[PDB]
Structure formats: C-alpha cells, structure tokens
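Structural features, examined
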Amino acid sequence: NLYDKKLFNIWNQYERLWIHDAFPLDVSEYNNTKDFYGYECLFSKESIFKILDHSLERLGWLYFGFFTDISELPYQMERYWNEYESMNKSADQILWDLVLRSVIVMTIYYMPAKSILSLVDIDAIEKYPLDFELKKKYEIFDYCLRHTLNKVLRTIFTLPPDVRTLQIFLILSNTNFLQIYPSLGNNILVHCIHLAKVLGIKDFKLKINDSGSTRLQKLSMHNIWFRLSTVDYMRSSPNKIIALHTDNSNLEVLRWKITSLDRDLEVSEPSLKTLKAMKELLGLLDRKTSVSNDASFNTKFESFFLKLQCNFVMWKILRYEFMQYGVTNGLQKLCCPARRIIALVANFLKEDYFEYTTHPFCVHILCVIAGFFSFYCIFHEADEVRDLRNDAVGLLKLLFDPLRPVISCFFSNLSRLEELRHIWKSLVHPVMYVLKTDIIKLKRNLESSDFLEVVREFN
Amino acid sequence: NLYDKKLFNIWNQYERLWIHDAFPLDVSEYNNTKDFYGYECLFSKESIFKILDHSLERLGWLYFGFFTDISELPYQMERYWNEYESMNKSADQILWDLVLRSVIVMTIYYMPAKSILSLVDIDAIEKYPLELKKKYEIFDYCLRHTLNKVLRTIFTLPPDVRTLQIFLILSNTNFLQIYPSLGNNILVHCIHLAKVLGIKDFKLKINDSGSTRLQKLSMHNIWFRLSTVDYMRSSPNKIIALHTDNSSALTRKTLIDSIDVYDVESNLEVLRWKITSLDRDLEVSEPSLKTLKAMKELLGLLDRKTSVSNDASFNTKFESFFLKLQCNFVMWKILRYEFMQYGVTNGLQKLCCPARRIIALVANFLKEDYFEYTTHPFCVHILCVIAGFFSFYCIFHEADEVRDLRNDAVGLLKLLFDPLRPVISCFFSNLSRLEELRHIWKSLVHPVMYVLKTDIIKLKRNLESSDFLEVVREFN
Amino acid sequence: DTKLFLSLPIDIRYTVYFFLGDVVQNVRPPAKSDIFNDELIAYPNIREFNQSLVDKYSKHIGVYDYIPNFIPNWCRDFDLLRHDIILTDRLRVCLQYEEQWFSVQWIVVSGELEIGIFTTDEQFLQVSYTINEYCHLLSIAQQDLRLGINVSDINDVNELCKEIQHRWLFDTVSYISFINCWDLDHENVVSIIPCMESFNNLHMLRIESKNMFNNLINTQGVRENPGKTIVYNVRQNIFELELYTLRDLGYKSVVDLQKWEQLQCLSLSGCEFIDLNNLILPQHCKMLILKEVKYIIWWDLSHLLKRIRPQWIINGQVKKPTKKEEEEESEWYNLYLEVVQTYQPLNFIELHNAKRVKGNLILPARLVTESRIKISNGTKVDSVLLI
Amino acid sequence: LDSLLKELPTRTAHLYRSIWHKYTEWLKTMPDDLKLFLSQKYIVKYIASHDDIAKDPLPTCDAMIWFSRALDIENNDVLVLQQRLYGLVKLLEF
Amino acid sequence: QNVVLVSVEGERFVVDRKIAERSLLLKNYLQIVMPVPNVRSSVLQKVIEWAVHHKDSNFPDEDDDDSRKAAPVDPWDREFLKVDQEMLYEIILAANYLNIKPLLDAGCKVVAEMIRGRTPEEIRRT
C-alpha cells in the first residue's frame, strides 16, 4: 500500500509527461493565399452578421467578459465593410479587423457542420481546396485559422503596445489551436505576457470616484490578467519557463482561485489541514457556484464549466489524499465526482450542445481521468472504475474528430497499456520496473525480464 | 548645495527621460522587395567573400566570442551558394542563411564608405531605391529585407540557439536605437529562448570533452552579452528582464539558479558584465560610500587588467578601446554621484580627467582612420550623457575647463554624426533649448528649475516675470 | 579647532577617526593578561562625581572599582561626553560608512532604556544616549541596531526590552551577540528563544564559546530540546554570522552546519587552532573572514599535487596551450575543477595575521589575480602554486 | 596554570580580581599564607560581614575554588572544600 | 629629469621627475610642466621638503590598517610640522588631491594627537 502511494506518484509524473506532449517555415507560401472575407471571396457579409448573431446569442461569455461595449463589434464590422467597399493605413483598423476575424473563427469552432456548409459559397469551394460531415468543416476551419495566423504573425511585432492583441490570443485560446501548434502559441503567449506586464494591468485595484467606463476598464483588465494567469498555469510545460502565475498568491477570481488550488496541489507542501481547508473552501465555492440560476445558454455554459472545474479539482485533491495518506472509502468518494462530470456532459449532449463539449479543457480532463482509471484498473480491481473507464474511452473514440492526433496517440498508447495489463496479469515488480524505464524514456526524449524486454521491443 | 543635491536628483530623472527619447507596420509591403543577394541582384559572390575577409580581419570579436569554429562559416557559405545555383526546404539552411546575412549587415555598418561603394554593382542602383548617405541607405534597405525574412522565420520555427546569435550580431548597430519597440519585443523572445535551453549550464563539469567545453564556453559568452544588453536596454517599455539572474561582483555585506561571478571563468565578457553590474548597483540599489570606495578600487584594478591587453591587431585595439571607455565612463558616473551628493573635494577635477581620457581615445581612433569603430551606439550614448551633464553644470556654474570639454564634445558630435539622425537631432534641439535656458538664468526655488519640474511633468504624463517665463516656455 | 575642522569633507574626518578608533573616554581598562600584574597605571582625580550615575550604571562599571580614582574620572567623562560635537560628527560619519568601530546596542538601567556605545572586543562601556536625544541629533526611523547578552542583560531586563518594543515601541534591532553567559543557562536562552518572533529585521549573530557552540550550533549533537534551540525559521533568516574565542575548533570534531542554511557570510576571530578538512558547509555562503589565530591546516590537496607534472610549471602558474593534447588539456581542466571543488562553496577568504598555514597551498589564478584570497603577511608558508 | 587562568571570560575575570582585592583588604582589617587567606573560617567571616556578597556568591565561591586550585594545592582538598561550598550555597541561596 | 609645477598663484616651481613620480596622481597624469590648482607656494615648498625627506623610505600599504594604526610618529616629521592650523589643513587637502597617503596619515596622526591631548575646558567653553 506504500507501494501504491509510490506508484501513484509515478503515475503522477507519467501523466505530467503525457500532458507535456503541418505549419510551414517561411511565411511566404501563404503570401497570396485566398481570404474568406471578401465580397466575392467566400462567405457573404450578411451570413457573417448571422454568424455574429449566433455568437452573441449563445457565447457572450468570453468577449462579454473582456470588452467594454459590444455594439462596438457590429459597429466596427459595418465600418470595415463600408471601408472595404470604399476601397474596392493605421493600427486601430487592422487590430479591429483581426479581432472580428478571430471572433468569427471561434464561432466556426463552435458551429454545426450543416449550417456553415449551407452558408459557404459553391464556386468558391471550387476555387479552394476540398476535402469532400465534419472533416470538411474542420479543414476549412484549419485553412481559416492558418490564414489568420499568417496575417497576425507579421503584424504582431511591428506595432505599438495595445491591449487588443491580448484579446486576440484569448479569443483564439478556446480552440484546438494550442494543442496542435504548441510552440507557436507559447511564443505568442510570451509576447502577450510582456504586453500584460507592460500596461500595469495589475492596477485593477478599483479606486474611489472612478467613472463607470473606468470601472469597466478595470474589470476588463482584471478578467484579462486572471484569464492570462489561468492559461499560463494550464499551459506551462518545460517548453516555456517564463510565467506570471507566480505573481498571485467577480468569478474570474473564482476560476483563478481554483487554478491556485490546483497549483498548490501540484508543486507545494502537502499537509492535511491544508487539504481540509481547501475542500471546505471549494464546497463553499460550489455554494457560490450553484447560486447561479439557469436562465440562458451562456449561463448554462458558464455554470457547466465552473462546476466542471470544481469537480475536476476536487477529484485531483481527493486523489492526492488517497495516494499520500490512504484514507478509506476514497476510491468511491473519488468515483462520484467523475459521475457528476459525466452527468454534466450527458446534459450537454442531450440538449444538443455537443459543440460545447469540444472545448480542449474537457478533453484534457477526460484524458487524465481515463489515464488514472486505467492505471488503477490494471493494478487493482473495481468494476465501477472499469465501467467508467470503458464509458470514457468509448465516448472519446466515438465522438471526437477535432483532436485526431492526440486522442489517437493517446488511444494507441492507451491500447498499448491494456497489453501491459496482460503482462501484470500473466514485490518490486517488472511492471513498475517497466514504468521506471518508461518515465526515463520520456524524460530523456524531452531534451522473466527477457520476455518483458521482448514485449517492450514488440511495442 | 542642498539645492545642488536636489537638482542633481532632477538631472538623474532628466537623463532617464533624455534617453527615453519609417517602419511600415505590415510585412506585406516587403512581400515582393527584390534582394541584394542574388548573383545578379546587388552583391556578387566575390564582393561577399571580400566582406567576410574584412570582417574576420577587423571584427572577429563578436562572432569569435559566440561560435565554436568559424571556417564553418565560409564552408556553409560556399555550400549554400552551390545549393542556390542548383535550385536556380529545411531549418539548418535557412538559419545559416540568416546568420550570414546578419554577419554581413554588421560588417556593412562597420565598413568604410569608399570600399563598399567600389564593391557594389551599378544597374541594380537603377533597379533599387537610392558620401555616407548612399552607404547608410543601402544598409537600411538590406536591414529591412533581413528583418522581414527573419521575423517570419523566427516565429514559424523550432527553438534553436542560432536565432539568439542573430539578435546579438545585430544589436551592435543603430537597430535598437532606431527600431526600439521591435527590438525590445524580439529581445523578450530571445530571453525566453535563453531560459528554455538551459544555457545557464555553462557550469563547467568534470571529465567533459573539448567539444563540450567549447559548447559551454559559447553558452557562457552568449549569456553574458545577453545580460549586458538586457540591462543596457531596459527602459520602462520593458519590465521583463534577465539582468537579475546574475549577481553583483561587489561582495556585499548587507544582503541558487541566481548565478554568482568569480566562480566560473575569466573571459572578458565576464568583465563587461561586471562593469555593467557596478553601474546597476549604482543606479537602482542601495547607494552607500564604502560601497563606492570598494567599487572604485575594483575598477582601477580592472583598468589595469584592461590595459594589460597589448597592441597586436585591430580587434584587440577595438576591444581594449571599448573596455577602457566603459571603465572611465563608470568611474565618471561614480565620481559624479560623489561630487553631486556629498561634496567631496577635488572630485570635479578628478572627474574632468576621465572625460579628457575618453576624448583622447576617440581622437586617436579618428586620426588612425578608425572612425567606423567609433560608430558603436554605446559610444554615442556616452557622449550624449557627458554633453548633457557638462551643459547642465556649465549653465549653472562657470569653469572654462568645463566649457572647453563640452565644446570639444559637441563640436565633435555635430561635425561627425549622420548615422543616428533622429536621436542626435532631438538631443541637439533640446540642448540648444537648454542654452537658451542659460541665457535665461544668466540674464531659491528658481523659475528655471520650476520650468524643469514642468518639463519632467510633461514627460511623466507623456509616459502613458512669470508671464515672460511662461512665454519663453511656450517659445521652447 | 572645531568649526575649522567641520568646514571639511568627509574622507579627511574618516581617516582621522580611524586613527581615533574608540578612545573617547579619558581612561581605559586592561586586557585579561595584564590583570594579575599588580601595576596600576595612575588615576589620582577628584570630585564633580554625582551619585546618580555611579550607582545606576555600576552593573557594567562597578565590576572593576579597584584602582586609582577611576569612577569620578569615568563620571565626569560621561558628563562632558554629551556635548562633543566632535563626537556627533564622529557618529554621523562612522555610521555613514561602517560602525565596525563603535559597537552600539540597547540597554536598560533603572527600568529606563538607553542606547549604549561601546568597544567591540568585549564592549567595555564608554557612554550612552537617549533615543529621543539620539534621533534629534539624527533622523528617527527603525534604524537597525545591535544587541548582546551579558550577566547585566539576561532575562527580565531582556524581557523588559522585549515587552517595551512590543508595547511602547517596535522592534528596531537586528543583530544578536553572545559575549558571556557561556552556560546556555541562567535564564538567557530561556528568555531569548521564545522572543525571536517580533525579531524580524536581522540576519546577524555573534558567538563566543566552544561549549555554547558545540551545545547549540554544531548540529551533530542532535537532541529534542525545543526551547533550548532555535525554531529553524530564524535559521533561515541569518544570512551573516560571527564567532570568536575558542581553542580547538575542528580537532576530530563534528564540523558540519547543513541546517544553518540561507547563510551568506562567516566571520571567525581570536582562536588558537583550526583545520578546514573537517569543515563542512551549506551553499550560499562564500564570504569567509578569518582573523588572528594560530597555525591553520589547509585542505589536503596531496593526491592532487601528486597528479602534477613540470611539463608546464612556470613562476608558480600553469596552462596548457596545446589544443592537440586533449590528454593534457582535459587533465588540466580535471585538475582545476578538482581544485575548485575542494573550495566549492567559497569565493572570498580573508586572513589577518595568523602566523602559519601548514597545508600546501595550490589555488586558482582567477581569484588571486583579484583580491579574493586576501592574506595579511602571515608569510610562514612556501608551498604556493597557482592555476 | 596560567592557561587555566586564561580559560575564562573577561568580565568575570575582572570581577574576580576586584574581589581578590576586596577580600585582601577585608583580611587586612584583621592581623591575618594563602589558605589562611582563603580560609573557610575567614571566608565565612567575610561573608557574614558581606551579606551583599551573599546575594551573588556564585562567582565568589567559584573564584575561591579557582584560587584553591590556582596555586599548588592538592586536588582532593579543593574538591572536598567544594563539597562544603555547595553545601554553603544550598544553605544560603534559599 | 625634472618637471615644472604651477602653483595656482602662478609660481613655476620645479622638481626632479621621478622623485615626483613618487606621487600617483602624477604617475597617471604623465602616463615638461604641470598645473596644480588651488595650491600655494610655501605649501608646496614644505610638501616637497617632506617628499624629499621621504624618498627611499618604506611604507606598508593603503589597506594594512594594523600597520597603519601601528603609529610611529616620525620625529623629523613631528618637529617639521610644528606650525599653525590653516597651512596645515591646506597641506592635508593637497595630500588628498595628490593620492600621497603617508603624509596625509601623518597629518591626521598629529591632529588626532591634538584632539586627544585635550582639556575639559575646551568643552567648558562649549
């Protein structure tokens, strides 16, 4: 059982190295590669306005949280259209252009296939490369993304420091983007971090006799800075070492708090009163969570994501407990959080909100859950955990096109790990010795033992 | 005297705001901008080989400090020429392309006019947009082309060490004082790459082969040049930094990955970083007096170690020149601090002597036909601050010594410098403004110091017969 | 004269007072060796001898009281040394650079607090002044200061200082000294160990006896006495360190201080034997200061001296130029790295005259070319070589 | 010998010599040569007169011991004397 | 070899070159005539008188404080400096200007003797 605690720590590091897991070199292949945005090009401005309507209906959350005013956005949109029409420059206009493009791209990532397929032009499909479903949708999404990225890479360095770049990155983080083009994303993250510390956005310390505009400015600054620290913890592999989550110690605050509990879980001093206080505090925050009442799509979405974060972090905390200090009944008390998560994703399937399921955070979550569940399913027996893990993996294979390489890689190495069950099924065990070798293989990839090595070579 | 101390504090802030004193905002303008580099474009193969020969002759300093072997460079050069001819890709080839291009541009900035003008082709002048002005315009065109190429291939790339070299190879130019915000941003990216690769592992270990030693040596030189620039280029436009990760050479009394010094190596990159750290401890951290005594003793010792370098070739004179320049500059800053704050006697004359040494040096390097070596931006920063303070205390007090030294500095600087036209022009105009301020004060919370209070307030808000006094204020 | 002397700059006055280290009183007690000699110097002097100070301050003065007329001398000395503008600039300036000259700490007598300014060797008193007088002469602040424990200042007086800097005031003090009370007992430790919580300006300590050191510091003598030893949070907050006055530090001793972490400077004086091969240290501490002692035993460096060839040796210095001889070049670097790894957590070594070191000096050239290795003329060694 | 005299702190040693002086004078009060000086009888007579020293007799007795072993005295003598002296400090400290 | 020196009054005194290279400010300024601002004639005369009395002499260091406070007040110097206070202070300031330390140390030694061999009545005036 002490062996269990140690090998649970080993599984922690192995999951760490899990989570520490084409686009061209010279930005010149995409020098003249087609838009989607022109009058004759791909999408018909009015369809775009409809897209914006759908975005503002369901998903105000992100950009409502950031900006000050949002009629601003259709306003700027129509202004650019008029200006585009008049043209048949400056910094502001180009930023706003990129802003609306990224907004649209987010909307694309959270649209149904058939709809957009009805929107897109036809001879423009003949103009462009095909893939002809969701695969077509994701190929056109990828083309739009790469085009936007071409546009933004050039235009990032050559500019004064303005807030809106940050907005771009944040609008684009809610996608497959960072887990498919990681190093790119990390560098732009570093630049955005520099812009963050530039502007003194830690002056959201709200002061006296400030105007409502000023309150909204400081609120935007607050939400942005804290979302930035959120991502900067969640996306902090050894590829990046510069950070802002060290500078810490409205429910944006709440999400950052939850991230800080996860941080304190991972890196710092594990005590027991610490965990007791954290878990009470998180129940308190669940109270504060359920205070939100169902009244509209964005609200269901937000409360879903918050409850998801809360149960995920509770699952991590209670895991930490049962690995390090071995309290009893914790396996079942850990399985219950998973069931809550799964009731939530069930709600968001049954309500025809499967597109909302496609957030990468959910997939990271299911990844780690299925990971630990497979671990303790092969090392120990509990039909509950087995059943849940089977649900998770059948779900993830049958439902997810977007993150095709990662899930498939995970699935393939996961299927490899089922053969490792047979090994352990066929005591400093050779299986834990194999896992020592495996963590060593990964850490060095960063920069009947005969038969055991035989099956290793086979896989 | 207390008034002197206070206005000297004002001069501290005013020199910061002195030094806190086109590019298209869109790369696609250079989407189709031709080259200088094809066989027929501007610069023949042979001209380029000649450029590299002159570079290794005169200015080995930089890239000698960085790389391991340098016959590597002509080797890769000729290989790239062969591959270009065969093509009429990869990462290595494009990196090496950028490397040689930047090397060249540095060499252009440190070439004599007549030579390059003899090398360059002719009808390509008709192809392209069009003394020193021709040299600097063609240099600027080459620079902007290289910058387009390298921005693209910077972002879209894995993390490799050689990118860093590019920036360092290019920092020794007008670049950072002509394209500041750009430079600061790319500097942030290079800092990230530095901390990525663990180049703090120049901690030389046991039973390492010579290749490993040379790798760690290159890392070491890189790190210290990087810390040098990162302190030297640290306006409030930038707040992220790396000059904290090293540590002062001072051996303080009042006080891990934070690297210390004297424990590593002796290559004079270390010496430059030491000197910069002394300047740093002067500026930001606790100013004491025993501190200054120890610093001054240490700096005299290091001036000895500087002049130990003996004349045997151009690069050696260049390095020893820059080191003695830095040493006397820092001595001047220290002695300024002393004579400004606590009024120790004879420090003014012992301060004037360093300026005379500096000016004898630059006189030697003009008279020897080495004016190109003078063009390093640090020298110009130095003369800027010197002329600033000398004008300050020349208008507030009278000493024909000071008048002579300041007149020498400013006549020199005006008569000799086109390159950094924006910076020097801003400085010259505001300097003539301060000369009109001399006329004012010559014709006690004085209205003149009150006007300078107004000026610092104007600047601080630019971050994000009092009737006649305001009249002349509006006039200037 | 006075104002002529005060129309002058600071370096002049500094060197002058450096020659006048601390002799402000018109008298002086002896060392210990001069005690048993019955020769008393001379102090025949007379009145202006108030019975307000001889009775009060006797806890640090009445120890002696056995010579020609000394206390009236002392009394009028304390009287007249309240107006020496000489002394006021002495302190403004000595404070300006460094008060290695005057040791200046808190005191309480009659339940009345004052600030006393003493010698350094054992802090024989010279005078004292009130806080309000002191910072009317100067600027008031939490001006960091010193403190030490005597049989005069042990527990309740000490706890009186504690409760005063709680109730009336705030703990404006850093540095702690153990000058007497070598027993680890008679209430000094009992008082102070619960009292280092409001005590957060400091990094600095001073120690006296091998008994107190071995039974408090040298962490091999492990026990479970919680109030008898420190709380380890202060063991973090001790970047500096000082110690004196013992005979046999490391002769077959247990010299190791890994618990004494976040240390950054060591000072040692006034001893009679030492060996560095027993010595073990944390990281973070390279500043080593060492004062007049008897013969030192350097590191061994014997095997490494056997590794050497005269292939290269010149003038006490060495180098391989031959890149072709990686055999010799790698050997050179192996040698150099072994050398520094012996001294690994050290970069600065100061010696006053200790009269001898026995242990085959071979050092690096990077540091002796500078003034890192800073020996006085304790020039009784010959086995010198540099890298 | 002299090294043993050197072994001590400094304030304490100055105190010790001052007390040597004091006791020599209080013995000069009487007509009356080192154990007669440092005599249990004469010492307790001193202390009976010097109740002030009975308030801090710890270094008093320790110094008397230190002198009873300073010069050539049989070590058994000074330690049985020390047993008597610990009896005395127990008697008087309460 | 020899060098001229201008007392700021304007007086063109003369020294042997190397005997003046005893000094350090000179040893740097050269590396024949030199100015000497804010110095007077008898000042520099007595200065060079000491400098010539002390040419082949040995001096410990500018860091050995123990050898420094080891305080043999030289008797020739001791009688040689039996003068008033203002000329004295000017000598001292000149020594500070010239980086010639042992003379400055001796001056401070003597001034310390002045303010050590004192009287309370000097304070009773205060």
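Residues numbered from 1 in each chain as written, not as in the entry; some residues may be left out. Chains lettered and ligands numbered in written order. Heavy atoms only, no water.

Regarding the overall build of chain A
Cut-off, in case you're wondering: Strands here are runs of E lasting at least two residues and helices are runs of H or I lasting at least four, both read from the DSSP assignment and numbered beginning at the N terminus. To sort residues, take the accessible area from a 1.4 Å probe on protein chains only and compare it with the maximum for the residue type: under 20% means buried, over 50% means exposed, and anything in between is partly exposed. Charge assignment in this entry is limited to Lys and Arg as positive and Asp and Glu as negative, and neither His nor the chain termini are counted. Throughout, a charge is located at the NZ atom of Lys, the CZ atom of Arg, the CG atom of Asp or the CD atom of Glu.
Secondary structure summary: chain A contains 21 helices and zero strands in total. Here the C-alpha coordinates of chain A stretch approximately 80 × 60 × 45 Å along the principal axes. Counting across all 459 residues of chain A, residues that qualify as buried make up 52%. Taking the 56 positively charged and 55 negatively charged side chains of chain A as two groups, their mean positions are separated by 6 Å.

Concerning the side chain of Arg225(B)
For clarity, the cut-off: The contact rule is simple, with two residues in contact once any of their heavy atoms fall within 4.5 Å.
One can find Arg225(B) in helix α11 (residues 210–232). Those residues in contact with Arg225(B) that sit more than four places away from it in its chain are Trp61(B), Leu62(B), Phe66(B), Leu168(B), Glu269(B) and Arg272(B).

Here's the deal with the interface of chain B and chain C
Note the threshold: Summed over both partners, the accessible area lost on bringing two parts together, with a 1.4 Å probe, is the buried area. Any carboxyl oxygen of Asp or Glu that lies within 4 Å of a side-chain nitrogen of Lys or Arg is treated as forming a salt bridge with it. Polar contacts, as counted here, are pairs of nitrogen or oxygen atoms within 3.5 Å of one another; within protein the pair requires one atom able to donate a hydrogen and one able to accept it, and residues that are adjacent in sequence qualify only if both atoms are side-chain atoms. Nonpolar residues are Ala, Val, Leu, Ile, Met, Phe, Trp, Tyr, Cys and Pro. Charged residues are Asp, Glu, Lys and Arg, and all others, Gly as well, are polar.
Tallying the contact residues gives 31 residues for chain B and 29 residues for chain C. Buried surface at the junction of chain B and chain C, summed over both partners, amounts to about 2400 Å²; 55% is from carbon and sulfur atoms. If you sort the residues of chain B by the area they bury against chain C, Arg213(B), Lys253(B) and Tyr262(B) come out on top, with a joint share of 27%. Applying the counting rule to chain B against chain C returns three salt bridges. Our count for the chain B to chain C interface comes out at five residue pairs in polar contact. For the side of chain B that touches chain C, the secondary-structure elements that each account for two or more residues are α11 and α13 (290–307) of chain B. Looking at the side of chain B that touches chain C element by element, the count peaks at five residues for α13(B). Looking at the side of chain B that touches chain C residue by residue, the classes come out as 12 nonpolar, six polar and 13 charged.

So, the arrangement of the chains
Among five pairs of chains with at least one contact, chains A and B form the most extensive contact set. For the non-touching pair chain B and chain D, the nearest C-alpha separation works out to 29 Å. For chain D and chain E, which are not in contact, the least C-alpha distance works out to 23 Å.

A few points about the nonpolar core
One broad rule of soluble globular proteins: the nonpolar side chains tend to lie buried together. How we decide: What is meant by a nonpolar core is a set of buried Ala, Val, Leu, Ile, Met, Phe, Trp, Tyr and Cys residues, joined one to another through side-chain atoms within 4.5 Å.
Residues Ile48(A), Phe373(A) and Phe390(B) are the most contacted members of the largest nonpolar core, which totals 294 residues. Contact partners of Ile48(A), with chain neighbours within four places excluded, come to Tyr37(A), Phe43(A), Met77(A), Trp81(A) and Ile104(A). Residues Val27(C), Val104(C), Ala13(D) and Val36(E) belong to the second largest nonpolar core, which totals 127 residues.

Focus on the environment of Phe354(A)
With respect to the element layout, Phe354(A) can be found in helix α16 (residues 354–357). Sequence-distant contacts of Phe354(A), that is, excluding residues within four places in its chain, are made with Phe348(A), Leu349(A) and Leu399(A).

A look at the pattern of salt bridges
Counting across every chain of the model gives 51 salt bridges over all chains. Between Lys316(A) and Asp262(A) there is a salt bridge, with its nearest N and O atoms 2.5 Å apart. Taken together, the residues span a long stretch of sequence, with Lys316(A) in helix α14 (residues 297–324) and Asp262(A) in helix α12 (residues 252–266) at a distance of 54 residues. By relative accessible area, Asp262(A) is classed as buried at 9%. A salt bridge links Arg58(B) to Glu57(B); its shortest N-O distance comes to 2.3 Å. The exposure class of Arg58(B) is partly exposed, given its relative accessible area of 24%. Among the ionic contacts, a cluster of salt bridges with common partners joins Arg227(A), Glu252(A) and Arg255(A).

Observations concerning the interface of chain A and chain B
Many descriptions give the size of an interface as the accessible area lost when the pieces come together. Chain A puts 28 residues into the contact, and the matching count from chain B is 27 residues. In this assembly, chain A packs against chain B so that about 2800 Å² is buried in total across both faces, 65% of it on carbon and sulfur atoms. If you sort the residues of chain A by the area they bury against chain B, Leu25(A), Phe157(A) and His194(A) come out on top, with a joint share of 26%. Counting across the interface, chain A meets chain B through two salt bridges. Residue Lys151(A) pairs with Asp26(B) through a salt bridge whose shortest N-O separation is 3.9 Å. Across the contact surface, chain A and chain B share eight residue pairs in polar contact. Contributing elements (two or more residues each) for the side of chain A that touches chain B: α8 (135–157) and α10 (182–198) of chain A. Ranked by the residues each element gives to the side of chain A that touches chain B, the list is headed by α10(A), at eight residues. Grouping the amino acids of the side of chain A that touches chain B by side-chain chemistry returns 14 nonpolar, nine polar and five charged.

Overview of a negative patch on the surface
Heads up, the rule is: Note on patches: the residues involved have over 30% relative accessible area and no salt bridge, like charges join within 9 Å, and the nonpolar side chains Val, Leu, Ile, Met, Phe, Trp and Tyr join within 5 Å. Using the Shrake-Rupley algorithm and a 1.4 Å probe, accessible areas are obtained, with residue cover drawn only from the displayed protein chains.
Negative charge collects at one region of the surface, where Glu297(B), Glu292(C), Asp61(E), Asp63(E), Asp65(E) and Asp66(E) lie side by side. By secondary structure assignment, the location of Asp61(E) is in the loop between α3 (41–53) and α4 (65–69). Accessibility expressed as a relative area gives 32% for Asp61(E), which makes it partly exposed.

Examining the domain arrangement of chain A
Residue and element names in this part refer to chain A. Stated precisely, the cut-off is as follows: By convention here, the domain bounds are inherited from an automatic or database domain assignment.
Split into domains, chain A comes out as domain 1 (1–21 + 250–447) and domain 2 (22–249). Here the C-alpha centre of domain 2 lies 29 Å away from the C-alpha centre of domain 1. Across the boundary between the two partners, domain 1 contributes 27 residues, which contact 28 residues of domain 2. Here domain 1 packs against domain 2, burying approximately 2900 Å² in sum over the two surfaces, 63% of which is carbon and sulfur. Considering only the side of domain 1, the residues that lose the most area to domain 2 are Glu252, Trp256 and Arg263, jointly responsible for 21% of the buried surface there.

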